[PDB]
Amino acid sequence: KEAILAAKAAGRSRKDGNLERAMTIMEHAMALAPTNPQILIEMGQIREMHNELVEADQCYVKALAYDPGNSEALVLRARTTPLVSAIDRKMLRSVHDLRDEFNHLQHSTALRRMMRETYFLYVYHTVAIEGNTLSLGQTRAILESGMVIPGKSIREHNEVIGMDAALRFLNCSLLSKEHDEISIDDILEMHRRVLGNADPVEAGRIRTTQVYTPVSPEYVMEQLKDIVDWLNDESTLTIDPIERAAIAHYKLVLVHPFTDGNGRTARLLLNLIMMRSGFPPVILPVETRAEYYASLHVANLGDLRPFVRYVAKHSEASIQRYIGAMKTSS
């Protein structure tokens, strides 16, 4: 409603009134105002006034997605986009050189720290982000002792077990160098181990219905082939590894080829890709769940950049955290 697109004009000369007042007005605005392009635009330039360029550009993109042809949105975005592109391009450059500077030594307990603790960290987070109520210590207990944890459903245990299986397959098959080509049967097998224990009838099997902002119809095998082909194409080595990974996750989640287990397998694929590219394990932490899902939402509006920024953020914070570990361990 226009109570506050009208006050969006109150916030128009509040925006050319130079005040956190403008911001006030735009915030009560936004909280009450969903997909209305004028409101998004106003919010955008207000953000831009607070030197939030990428957030502003985001507002403009959402406005344009909800309203194709909005020429004010068009002229604002036309100006913001190239800036956002430079910024993102060495966001990537930065995480990459921080990666090259990770590869500075082979110490046995870099093996101990990294491999072991980040393995359990990985499994924990990947199932927790989907809603699993297991703790890290309980996840670890499950993998090492295989006894049952009090208060938890057999389904949660099984999600953990499945993930361990999938990870092991990934490591002892798809992460060798002799395995230079990623097959479609490999994605099927990853899903089969991911979901096997929790749902044996559906694990490793393509869905045979449509799901309820939609997802691709059951034309489905072809897109899987597409993904596989794209991964093995030589041109795709010229793309930034992180963007490559994000795009894999995105393609798979958008195809949504299984009845369940799509997200876990997508993060798995992401992780596979960047590990084959010399990166340590990438953990998308459960505390950032909201951000994660939020950015995926924007990805279905046609903008993959929030998600790329997300994956960048967390592979960088990950590597950064390891370094620090070594530095303290002196």
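In case it trips you up, residue 1 is the first one in the sequence shown, and so on.
Per the record, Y212 and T213 are separated by 4 to 9 deposited residues that have no coordinates. When the two stretches 267 to 275 and 50 to 58 are set side by side, the higher mean Cα temperature factor goes to 50 to 58.
Comparing 105 to 113 with 233 to 241, the stretch with the higher mean C-alpha B-factor in the PDB entry is 105 to 113. In this PDB entry, the Cα temperature factor of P68 sits in the top third of its chain's modelled residues, the highest group. Among all modelled residues in this chain, the alpha-carbon of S216 has a temperature factor (C-alpha) in the highest third. When the modelled residues of the chain are ordered by their C-alpha B factor, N262 lands in the lowest third. Looking at the C-alpha B-factors along this chain, the one for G44 belongs to the middle third. Residue-level temperature factors show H28 in the highest third of its chain, judged at the C-alpha atom.
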